[PDB]
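Down below is the structure, laid out as structure tokens.
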Amino acid sequence: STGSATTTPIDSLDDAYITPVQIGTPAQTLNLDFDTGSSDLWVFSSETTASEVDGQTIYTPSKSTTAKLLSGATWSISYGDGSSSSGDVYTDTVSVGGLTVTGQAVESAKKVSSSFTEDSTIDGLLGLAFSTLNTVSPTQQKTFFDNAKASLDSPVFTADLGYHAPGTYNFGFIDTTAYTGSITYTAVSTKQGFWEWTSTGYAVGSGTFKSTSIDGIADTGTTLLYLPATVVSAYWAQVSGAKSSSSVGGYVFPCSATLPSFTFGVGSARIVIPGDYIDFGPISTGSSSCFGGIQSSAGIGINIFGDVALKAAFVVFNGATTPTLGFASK
């Protein structure tokens, strides 16, 4: 089997991407944030505290003839961005773009933190990291990809995110028309539950490529590119007027700047992020100071190749017996 669905930026800045997911019988379509950095499929629901729902589409398990309460199971997740959610658990039928899993754990929110309520475009998250990170207790549950793997033509899914434009998540096949050149595969450590790999270095604009190992995660659920402070300082030093702002919480730069590109290594291959992908717009409405898309990972504990990086590439999440990650230019 295979599946294919279109993923669309939630706003004009590409702050996140949503992909429609069919849940239950008859189908309830929710637009979920496909997150290779977490392992829970959780949704706004008829159980969510009413004051915490503000425009999202909800899953109503009582209207699904295939939904079954998973007795005694609860979940609670806290994300690196400070957001959180929690609730109970159903099993139900879940389909993405033609690909169907029966018995998928659907984590129904009872509580969401304010940032989720404040974002009316995200109805929940579909985790695509390793099932070892799933938060359901007392019996951990499997991701959608983990449940679908055995049935897929190949045990893979691909992320092709657009810059200011729609893109595609494919399950079970590699679309050889979606990228240029070849796909370079690189090793993955699953010990932390993430798609964790080691970039071979970086360049800023037309500058000299610096060979240096950068360990980090391929995370479709994080907007920006978080890298070591030495690398981020080298990038922003090339932008006249850029500086790190403690009040804003990272590097800002004059909105009139033209940004240089940023290149990261995958083995001997190179992925080039165009400068425009690094512009996240005014820090506040009407400001002429703009927020940078490359930020220090220093307070995080891990480097994060988020959407800024991944949308420059066609990315293969290879779930073979020994998982690997593939990157191609596009």
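Within each chain, counting starts at residue 1; across the structure tokens, chains are named A, B, ... in the order shown, with ligands numbered 1 upward in that order.
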
Proximity check stretch 33-65 of chain A to stretch 101-104 of chain A, 12 Å, nearest pairs one decimal Å, only C-alpha atoms, as CSV:
```
residue,atom,partner,partner_atom,distance
A:40,CA,A:104,CA,10.7
A:41,CA,A:104,CA,8.8
A:42,CA,A:104,CA,11.0
```

- Query: Contacts of residue A:187 at 12 Å or less, counting only C-alpha atoms, minus same-chain residues fewer than 3 places along, as number ranges by chain?
  - Reply: A: 184, 190, 195-200, 215-217, 266-267, 317-320, 322-327

Which residues of stretch 164-243 of chain A sit at most 9 Å from stretch 15-19 of chain A, using only C-alpha atoms? Give each one's shortest atom pair and distance in Å (one decimal place), in chain and ascending residue order, as a Markdown table.
```
| residue | atom | partner | partner_atom | distance |
| --- | --- | --- | --- | --- |
| A:166 | CA | A:17 | CA | 8.7 |
| A:167 | CA | A:17 | CA | 9.0 |
| A:168 | CA | A:19 | CA | 8.7 |
| A:169 | CA | A:19 | CA | 8.3 |
| A:220 | CA | A:16 | CA | 8.3 |
| A:221 | CA | A:16 | CA | 7.1 |
| A:222 | CA | A:16 | CA | 7.6 |
| A:223 | CA | A:15 | CA | 5.6 |
| A:224 | CA | A:15 | CA | 8.5 |
```

- Query: Mind checking DSSP for stretch 159-309 of chain A and telling me the strand (DSSP E) residues as a PyMOL selection string?
  - Reply: chain A and resi 159-160+167-171+184-187+196-204+210-218+225-227+243-245+250-254+262-266+269-273+279-282+289-292+294-296+303-305

Within 10 Å of stretch 120-138 of chain A, which residues of stretch 84-109 of chain A show up? Give each one with its shortest atom-to-atom distance in Å (one decimal) and the two atoms involved, counting only C-alpha atoms, rows by chain then rising residue number, as CSV.
```
residue,atom,partner,partner_atom,distance
A:85,CA,A:124,CA,9.7
A:86,CA,A:135,CA,9.6
A:87,CA,A:136,CA,9.5
A:88,CA,A:136,CA,8.6
A:89,CA,A:136,CA,7.9
A:105,CA,A:136,CA,9.1
A:106,CA,A:126,CA,9.4
A:107,CA,A:136,CA,8.2
A:108,CA,A:124,CA,9.3
A:109,CA,A:124,CA,8.8
```

- Task: Have a look at A:225, A:232, A:242, A:252 and name the one nearest to residue A:284; count only C-alpha atoms.
- Result: A:252
